[PDB]
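Protein chains in written order, with the deposited numbering: chain H, 513 to 563; chain S, 1075 to 1125; chain F, 226 to 282. Yeah, the Cβ is synthetic: ideal placement off N, Cα and C, and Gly gets one too.
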Amino acid sequence: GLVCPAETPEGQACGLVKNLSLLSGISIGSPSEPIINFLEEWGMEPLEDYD
Amino acid sequence: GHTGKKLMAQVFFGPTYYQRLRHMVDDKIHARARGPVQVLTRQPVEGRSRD
Amino acid sequence: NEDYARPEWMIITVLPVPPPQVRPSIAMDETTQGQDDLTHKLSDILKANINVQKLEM
RNA sequence: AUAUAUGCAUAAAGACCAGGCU
């Protein structure tokens, strides 16, 4: 579901060149600070007081 | 078509999608008797266009 | 071999210079004529040799 | 003694890089 199982070149590039599937997408990147804030608000304990 | 007689065996017959490829005989035919030669080795050059 | 392969000939003291047939003249663009890699390398070697001589004197 | 020359009717780029062809 991420790359085409059938489409690939022949020769030295066989299997090393892929084509994305129709529904496939690539992540852009989001800040991780809201994730850390949500985790801390939902009771995550830090590594400083790890016993 | 030659005689108008019935064919003994029936023929699978129907429309089908076909596509023309970029591989034409007039773009690949090549012949050479005598022509340009390389400066260094004095051997015939490489390339259909360059004779 | 005494007659053909003498050991001290393995060390280079004089360098042969091949004719321009070995290193044919090249032309980068029309009238301007370039030089092959061998021509430039021989020029650099000769420049180094004349530098050695002129700094030795 | 001739006379100036004031003129030129083919030269062959090759080496690398990338993408394809069976």
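H/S533 to H/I547, Cα distance in whole Å? As a first step, residue 533 of chain H is located in the first sequence; it is residue number 21 there, counting from the start. As a first step, residue 547 of chain H is located in the first sequence; it is residue number 35 there, counting from the start. If you take the alpha carbons of H/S533 and H/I547, they lie about 29 Å apart.
Nearest-angstrom Cα distance between S/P1110 and F/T264? Numbered from 1 along the second sequence, position 36 holds the residue referred to as residue 1110 of chain S. Numbered from 1 along the third sequence, position 39 holds the residue referred to as residue 264 of chain F. CA-to-CA, the gap between S/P1110 and F/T264 works out to about 25 Å.
If you draw a straight line from the alpha carbon of F/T257 to that of S/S1123, how long is it in whole angstroms? Walking along the third sequence from the start, residue 257 of chain F turns up at place 32. Walking along the second sequence from the start, residue 1123 of chain S turns up at place 49. Between F/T257 and S/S1123, the alpha-carbon positions lie close to 26 Å from each other.
Have a look at F/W234, F/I237, F/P245 and F/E227 and flag the residue whose alpha-carbon is nearest the alpha-carbon of S/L1114. In the second sequence, residue 1114 of chain S corresponds to position 40, counting from 1. Among F/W234, F/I237, F/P245 and F/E227, the Cα nearest to that of S/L1114 is on F/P245.
Quick one: residues in its chain with C-beta nearer than 8 Å to the C-beta of F/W234, no 5 flanking neighbours on either side, listed in chain order? One-based indexing of the third sequence puts residue 234 of chain F at position 9. Around F/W234: no qualifying Cβ.
Determine the direct distance from the alpha carbon of F/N276 to that of F/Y229, and round the result to whole angstroms. By one-based count along the third sequence, residue 229 of chain F stands at place 4. By one-based count along the third sequence, residue 276 of chain F stands at place 51. Approximately 33 Å, taken between the alpha carbons.
Alpha carbon of F/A252 to alpha carbon of S/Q1112, nearest angstrom: Position 27 of the third sequence holds residue 252 of chain F. Position 38 of the second sequence holds residue 1112 of chain S. So the two alpha carbons sit approximately 14 Å from each other.
Among S/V1119, S/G1078 and S/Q1093, whose alpha-carbon lies nearest the alpha-carbon of S/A1105? To locate residue 1105 of chain S, count along the second sequence from 1; it is residue 31. For the residues S/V1119, S/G1078 and S/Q1093, the minimum Cα distance to S/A1105 belongs to S/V1119.
Taking C-alpha atoms, which residue in F/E281, F/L240, F/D262 and F/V239 lies nearest to F/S250? Counted from its first residue, the third sequence places residue 250 of chain F at position 25. Comparing Cα positions, the closest option is F/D262.
Would DSSP call F/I251 helix, strand or coil? Residue mapping note: residue 251 of chain F aligns to position 26 of the third sequence, counting from 1. The three-state secondary structure of F/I251, taken from DSSP, is strand.
For F/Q258, report the span of its beta strand (DSSP E) as first-last. Taking the third sequence and counting its residues from 1, the one referred to as residue 258 of chain F is at position 33. That run of the beta strand (DSSP E) goes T257 to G259.
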